[PDB]
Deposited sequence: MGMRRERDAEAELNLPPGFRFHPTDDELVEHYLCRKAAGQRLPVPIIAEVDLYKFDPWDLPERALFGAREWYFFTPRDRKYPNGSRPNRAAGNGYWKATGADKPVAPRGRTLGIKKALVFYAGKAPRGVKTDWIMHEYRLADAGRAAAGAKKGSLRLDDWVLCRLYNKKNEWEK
């Protein structure tokens, strides 16, 4: 939607875990210029997931945000519901002593534990004692039934 501002057909943003952490999350936490300004900044955990694509700077099937928060926890309260951890923190280990951590979540609309599973999924990527701060995480959102 502004990954539209350059490319030949079939080319699009489809980073690896090493790339998301190394050239996006890392740089934002080090106050480095991003390779391109395509990740929207939002107070994400204040939202219901269906109000999120709003709002993203690009994307049709999946969306990318910089939000404030994490530093390991099953769950993450948000909007009029909560996110529930779908797996374990997964080490993401770029070249340096840089260390990322991705975790997968599912939104439940409603207050715990009487919440109901939706098809909204999120991958939260946090700098997990890498090096570069707290402070920012980088999230990829999307619905299972696209």
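Exercise for review: Just jot down which stretches of the deposited chain sequence have no CA coordinates, in the order they come.
Suggested key: Absent from the structure are positions 1-8, 80-84, 145-155, 171-174.
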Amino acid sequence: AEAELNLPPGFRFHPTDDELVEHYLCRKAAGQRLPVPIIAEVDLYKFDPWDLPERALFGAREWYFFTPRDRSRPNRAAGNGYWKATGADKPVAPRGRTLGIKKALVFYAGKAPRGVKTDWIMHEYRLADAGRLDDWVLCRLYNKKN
From here on, numbers count along this sequence of modelled residues.
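Review point. Taking the recorded C-alpha temperature factors, which stretch has the higher mean, 132-140 or 10-18?
Key: Stretch with the greater average CA B-factor: 132-140.
**Study point:** Average Cα temperature factor in the PDB entry - higher stretch of 42-50, 113-121
**Key:** According to the PDB entry, the answer is 113-121.
Point to revise | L99, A77, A88, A56, ranked by C-alpha B-factor: the highest one | key: If I rank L99, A77, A88, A56 by C-alpha B-factor, first place goes to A77.
Point to revise | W63 - which third its CA temperature factor falls in, relative to the rest of the chain | key: As the PDB entry reports it, the C-alpha B-factor of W63 lands in the lowest third of its chain.
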